[PDB]
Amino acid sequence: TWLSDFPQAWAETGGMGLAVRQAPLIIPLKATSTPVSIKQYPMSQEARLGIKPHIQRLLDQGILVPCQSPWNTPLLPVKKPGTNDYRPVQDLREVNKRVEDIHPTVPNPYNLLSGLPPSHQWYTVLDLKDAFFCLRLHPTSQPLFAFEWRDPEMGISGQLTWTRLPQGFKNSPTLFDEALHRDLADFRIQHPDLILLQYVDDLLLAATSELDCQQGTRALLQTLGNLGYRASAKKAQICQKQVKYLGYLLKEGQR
């Protein structure tokens, strides 16, 4: 009954996350950067209707807020399904080019998995839900990610922007990985006998025995929930001696 033992740690029961220990993020711009305002491309009603529910949900969650900004990038309608229901995809390339680069500290999967000993063969894999959105964005950096939102027959103001680290931003993967690392530093200390691999929002906990993986997982879920992160109970692979992680199938210590 893992789901019932940790209501706060699961995305399905704890609600949208928010990394309470993490200071809102400030995004430094390159020395010569000037705001860029790209006009929203005309969107068909079908695309607009498909995307609308998502935008309203984000507005209700406080993830998106109204604003007036000298910055503006295109909102694209992308239909993932065979050919149904669109999802909003912001083209932040012109913003990314004006943001100062940071060193990429996210290790590649191959190197990351090299730190997995043969001794620990009991695994638990957790996938953090809406990870980036868990990291707040400082009010000063929020205007940078603005886009235009219209509602033909009667639309609100015009521009909306994010209050959390957004998708499409070049440094989101790295900033999230580093923030979670800071938040889980203590856990690594109070659990020297465990192996924890972090790849942005993909986590792998390794133990020597089933029990250790059991007690370890409880502690990790507990800690994650308290810190403000949320794991997908649906995808969770708990205390298995065989799991799928980062495109690899871990079994008998292979791959």
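Counting begins at 1, following the sequence as shown. For clarity, a rigid core is taken as the largest C-alpha set superposing within 1.5 Å between two forms.
The segment moving more, judged by mean Cα distance from this form in 9 other deposited structures of this protein after a core overlay, is 110-118 among 178-186 and 110-118. Greater average departure of CA atoms from the shown form, over structures and residues in 9 other deposited structures of this protein after a core fit, characterises 38-46 among 193-201 and 38-46. Note: missing coordinates for residue 81 occur in a third or more of the other compared entries bracketing this position.
In this crystal structure, the stretch out of 64-72 and 193-201 whose C-alpha atoms carry the higher mean B factor is 193-201.
When the two stretches 73-81 and 142-150 are set side by side, the higher mean Cα temperature factor goes to 73-81. The entry lists C-alpha B-factors for 58, 224, 207, 26, and the highest of these is at 207. Taking the deposited Cα B-factors for 158, 107, 88, 168, the highest one is held by 158. Per the deposited record, the Cα B-factor of residue 116 falls in the highest third when ranked against the other modelled residues of its chain. For residue 18, the recorded CA B-factor ranks within the lowest third of the chain. Only modelled residues enter the ranking. Among all modelled residues in this chain, the alpha-carbon of residue 216 has a temperature factor (C-alpha) in the highest third.
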